[PDB]
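Worksheet: the structure to be examined is printed underneath.
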Amino acid sequence: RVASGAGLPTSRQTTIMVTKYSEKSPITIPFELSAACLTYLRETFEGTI
Amino acid sequence: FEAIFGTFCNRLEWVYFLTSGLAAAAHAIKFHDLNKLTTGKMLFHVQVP
């Protein structure tokens with residue numbers, strides 16, 4: 001606030017409370033694998049090249 | 001749940017009259033008996049050349 005001269009109205013002590021909020025934004029990537037890739041990942045056989 | 005993230009109040013600031021440049025227009029005088037003073041005057045006297 002600020003003082004002022006007489007013959008003139010003045011200000012007042014005014015409390016001010018403000019409030020803000022967050023947001024939500026989920027994201028997603030669907031990568032996929034064939035079952036043959038999972039079969040050849042774990043299961044070796046015959047020892048060939 | 002919900003989360004509050006810091007109820008920090010207003011950061012304070014300060015200003016004085018003597019620390020401003022506008023006091024260069026002024027000449028600062030404190031005088032304790034000002035209410036007993038009606039008015040002041042500065043009498044001059046110059047004869048012309």
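Just remember, in the structure tokens the first chain shown is A, the second B, etc., residues are 1-based per chain, and ligands are 1-based in the order shown.
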Check: which chain B residues lie within 12 Å of chain A using only C-alpha atoms, as a PDB file with N, CA, C and O atoms, in the first residue's frame:
```pdb
ATOM      1  N   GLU B   2      -3.673 -36.145  -2.412  1.00  0.00           N
ATOM      2  CA  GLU B   2      -3.279 -34.922  -3.087  1.00  0.00           C
ATOM      3  C   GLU B   2      -2.068 -34.346  -2.370  1.00  0.00           C
ATOM      4  O   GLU B   2      -1.787 -34.681  -1.217  1.00  0.00           O
ATOM      5  N   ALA B   3      -1.345 -33.475  -3.065  1.00  0.00           N
ATOM      6  CA  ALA B   3      -0.074 -32.971  -2.567  1.00  0.00           C
ATOM      7  C   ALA B   3      -0.046 -31.455  -2.645  1.00  0.00           C
ATOM      8  O   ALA B   3      -0.342 -30.877  -3.693  1.00  0.00           O
ATOM      9  N   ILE B   4       0.309 -30.823  -1.544  1.00  0.00           N
ATOM     10  CA  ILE B   4       0.569 -29.391  -1.522  1.00  0.00           C
ATOM     11  C   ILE B   4       2.061 -29.185  -1.717  1.00  0.00           C
ATOM     12  O   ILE B   4       2.878 -29.948  -1.192  1.00  0.00           O
ATOM     13  N   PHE B   5       2.425 -28.159  -2.471  1.00  0.00           N
ATOM     14  CA  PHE B   5       3.790 -28.006  -2.948  1.00  0.00           C
ATOM     15  C   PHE B   5       4.412 -26.695  -2.497  1.00  0.00           C
ATOM     16  O   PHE B   5       5.111 -26.026  -3.256  1.00  0.00           O
ATOM     17  N   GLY B   6       4.171 -26.311  -1.250  1.00  0.00           N
ATOM     18  CA  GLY B   6       4.846 -25.154  -0.703  1.00  0.00           C
ATOM     19  C   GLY B   6       4.002 -23.902  -0.696  1.00  0.00           C
ATOM     20  O   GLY B   6       3.843 -23.236  -1.724  1.00  0.00           O
ATOM     21  N   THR B   7       3.464 -23.565   0.470  1.00  0.00           N
ATOM     22  CA  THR B   7       2.665 -22.355   0.633  1.00  0.00           C
ATOM     23  C   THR B   7       3.554 -21.163   1.003  1.00  0.00           C
ATOM     24  O   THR B   7       3.441 -20.539   2.059  1.00  0.00           O
ATOM     25  N   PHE B   8       4.451 -20.833   0.081  1.00  0.00           N
ATOM     26  CA  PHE B   8       5.351 -19.711   0.295  1.00  0.00           C
ATOM     27  C   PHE B   8       4.614 -18.403   0.054  1.00  0.00           C
ATOM     28  O   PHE B   8       3.910 -18.251  -0.949  1.00  0.00           O
ATOM     29  N   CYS B   9       4.784 -17.458   0.973  1.00  0.00           N
ATOM     30  CA  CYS B   9       4.072 -16.190   0.905  1.00  0.00           C
ATOM     31  C   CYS B   9       4.787 -15.246  -0.057  1.00  0.00           C
ATOM     32  O   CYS B   9       5.707 -15.630  -0.784  1.00  0.00           O
ATOM     33  N   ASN B  10       4.368 -13.986  -0.061  1.00  0.00           N
ATOM     34  CA  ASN B  10       4.900 -13.020  -1.008  1.00  0.00           C
ATOM     35  C   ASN B  10       6.304 -12.596  -0.606  1.00  0.00           C
ATOM     36  O   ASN B  10       6.548 -12.233   0.547  1.00  0.00           O
ATOM     37  N   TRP B  14      11.558  -3.464  -0.611  1.00  0.00           N
ATOM     38  CA  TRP B  14      11.644  -2.251   0.188  1.00  0.00           C
ATOM     39  C   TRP B  14      12.114  -1.086  -0.666  1.00  0.00           C
ATOM     40  O   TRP B  14      12.812  -1.270  -1.667  1.00  0.00           O
ATOM     41  N   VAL B  15      11.734   0.118  -0.248  1.00  0.00           N
ATOM     42  CA  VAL B  15      12.111   1.346  -0.935  1.00  0.00           C
ATOM     43  C   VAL B  15      12.075   2.485   0.079  1.00  0.00           C
ATOM     44  O   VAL B  15      11.224   2.514   0.971  1.00  0.00           O
TER      45      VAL B  15
END
```
Item to check | Residue list (helix (DSSP H, G or I), DSSP) for chain B, as a PyMOL selection string | outcome: chain B and resi 21-24+34-36
Those same residues - C-alpha atoms - I'd like them written as a PDB file, in the first residue's frame.
```
ATOM      1  CA  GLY B  21      17.133   9.879  -7.090  1.00  0.00           C
ATOM      2  CA  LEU B  22      14.124  12.132  -6.498  1.00  0.00           C
ATOM      3  CA  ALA B  23      15.813  13.292  -3.278  1.00  0.00           C
ATOM      4  CA  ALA B  24      18.250  15.137  -5.569  1.00  0.00           C
ATOM      5  CA  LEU B  34       6.654  21.348  12.911  1.00  0.00           C
ATOM      6  CA  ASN B  35       3.108  21.442  14.313  1.00  0.00           C
ATOM      7  CA  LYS B  36       3.947  24.706  16.100  1.00  0.00           C
TER       8      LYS B  36
END
```
